[PDB]
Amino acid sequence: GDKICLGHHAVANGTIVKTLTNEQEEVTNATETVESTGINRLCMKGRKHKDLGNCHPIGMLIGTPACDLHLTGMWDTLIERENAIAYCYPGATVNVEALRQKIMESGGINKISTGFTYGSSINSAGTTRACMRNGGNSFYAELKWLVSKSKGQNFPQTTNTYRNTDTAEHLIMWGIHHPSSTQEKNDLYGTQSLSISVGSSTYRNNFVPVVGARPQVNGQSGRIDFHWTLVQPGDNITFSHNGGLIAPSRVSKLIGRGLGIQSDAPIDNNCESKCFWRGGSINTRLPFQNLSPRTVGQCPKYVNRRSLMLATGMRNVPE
């Protein structure tokens, strides 16, 4: 009548998990593998970062008023916002998306001065009420609006060339003005047919201002479309123009690498994180997450499930 018995533990409330053979095994304990809660803020601790607020990354290169505080600097993450303004004077940039990406992966920009001069017969200081400053009418800080100094005069066939004397590639932006009327065109530039030709050792293209009636925005019915390339070290880029060019007073140099975040989430300098998205920041040790398909940084892989429990205990057999 003497004996020893062997047994295993159990618990009153088991957790349910999936296995290869059984969709509902009760085990003693389990733990979540999919992260479903994130932080509703941008965790910027440990980062030299830049919140552009209503300044748009492109606006940094051309120099929109909104971006006055963001024309230069250095950083390791950049934060774009839904608001953001690039174009005070209405327009568009050819290959926009390639460009903001380039910028958003940069971690810093310097502005180098073109040294362009124009002088007599030509007014290099056109402004507009769409780009107001302190206050008053003004313009894109890194460009000059060139217009016939007088009248409704033919604009001089002009030549400016930027020489890259640096060791690194520079990024050159310029604008082409497209007026709303034949009259307007004639007032600013000649009656002459207009042509802007741009040429480096690697780049070559040409543009023609083009008149058309258009909805008023903001503002004006004119448009300034922007264009860009990279000028290699020790190369030169030459503008041949007879009016219509919005020329560069400065070119940009993109410096390092950096992480680009697009979110309206508030900054929080008191949490670290490596993974971000539109709704904010993600900090988790788990390999999987459920918050978003679109993340940036070092992130748990996205999955299409609320929960995936991993058993951390034996089969739970109560009584």
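Residue indices: 1-based, along the sequence shown.
- Taking the PDB entry as given, 38 to 46 carries the higher mean Cα B factor of the two stretches 252 to 260 and 38 to 46.
- The mean Cα B-factor in the deposited entry runs higher for 125 to 133 than for the other of 125 to 133 and 231 to 239.
- Across 202, 101, 150, 161, the entry's maximum B-factor at the CA atom is seen for 150.
- Ranked by C-alpha B-factor against the other modelled residues of its chain, residue 175 falls in the lowest third.
- Ranked by C-alpha B-factor against the other modelled residues of its chain, residue 63 falls in the middle third.
- Annotation for residue 76: CA B-factor lies in the middle third of the chain's modelled residues.
- Placement of the Cα temperature factor of residue 13 within the chain: highest third of the modelled residues, per the deposited record.
- Sorting the modelled residues of the chain by their CA temperature factor places residue 138 in the highest third.
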